[PDB]
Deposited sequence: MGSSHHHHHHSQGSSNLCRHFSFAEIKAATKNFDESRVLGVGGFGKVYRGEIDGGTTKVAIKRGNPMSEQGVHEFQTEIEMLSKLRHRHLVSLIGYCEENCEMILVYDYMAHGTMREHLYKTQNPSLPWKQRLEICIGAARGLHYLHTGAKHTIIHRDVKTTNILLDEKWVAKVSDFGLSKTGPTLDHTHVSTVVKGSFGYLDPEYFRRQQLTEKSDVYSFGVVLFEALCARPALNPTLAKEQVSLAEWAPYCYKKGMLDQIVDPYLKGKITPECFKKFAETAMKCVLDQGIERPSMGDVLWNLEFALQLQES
């Protein structure tokens, strides 16, 4: 993992010019830049050392990503703790977050098979975190803004500041059992799956009481046989009956009340690949 000068960070971002800002996260501003003389596109996150939750996330993202390698995980090229700063350098994901392609957006809608393949890609990332590191990693922050898309539309998991060895995605059993297991990532992923299908936020505080949380609302409509009515309008008529059923029953199991009843990510990943095959 590469240490960067604070001078290279300025060279890459052209001294943090707002022409290169990509957005704002809970950590700071995210800048697009180039390093190694313009062969490498990157994204650079500037955090604030005054905040020690920011300090905690900066060090956690470094100690996690520096030892992980997976096609479906955002890669951390390097960092900069110079002059008591806090900077992280990732590879640039040219197509932003998954949420920017589902709703509240001007981007075109994604075809069903591309959505399915994005969820499969993210499930592979999560499966690696749970079974491929030295110990289980619990991401704790699985959501549609933390799934990024590169120039070939490969889905990649990011945002490791809260991981250990958001509202609407929170494992409700965590506020009861007060323990945390990788099944909490499965809960959050099941919500991602429903967002991909319904193209609406996980929490929409303005709706009728039963519709506020996608996690409780989508299962409810499936049992009542009206899940087809809240499906993304672009997707209506584009999912074969058997894919629709395997997909929805996979998402329903992910958001069960009790973590012990939920599938593992290996199981989820397998059932999504099965769904893709039933679609074709």
Deposited-sequence ranges lacking CA coordinates, in order, are 1-17, 183-197, 313
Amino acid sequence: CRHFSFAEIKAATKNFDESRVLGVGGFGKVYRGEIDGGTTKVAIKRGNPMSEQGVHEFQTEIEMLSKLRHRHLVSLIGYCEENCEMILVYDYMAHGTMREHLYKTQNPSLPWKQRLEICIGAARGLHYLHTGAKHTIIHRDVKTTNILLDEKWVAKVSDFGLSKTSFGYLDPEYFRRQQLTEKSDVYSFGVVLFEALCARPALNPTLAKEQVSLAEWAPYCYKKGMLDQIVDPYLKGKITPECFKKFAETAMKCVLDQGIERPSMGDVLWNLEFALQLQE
From here on, numbers count along this sequence of modelled residues.
Regarding 256-264 and 21-29, which shows the higher C-alpha temperature factor on average in the entry?
21-29
Looking only at CA atoms, which has the higher mean B factor in the entry: 208-216 or 47-55?
47-55
Residue set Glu249, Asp36, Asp232, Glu242, per-entry CA B-factor max assigned to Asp36
Based on the PDB record, which member of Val186, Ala94, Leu116, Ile87 exhibits the highest Cα temperature factor?
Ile87
Taking the entry's C-alpha B-factors for this chain, is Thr145 in the lowest, middle or highest third?
lowest
Ranking every modelled residue in this chain by its Cα temperature factor as given in the entry, which third contains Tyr103?
middle
Record-listed C-alpha B factor of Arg69: chain third:
middle
Report the third (lowest, middle or highest) to which the CA temperature factor of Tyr174 belongs, ranking only the modelled residues of the same chain.
highest
With respect to C-alpha B-factor, does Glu81 fall in the lowest, middle or highest third of the chain as deposited?
highest
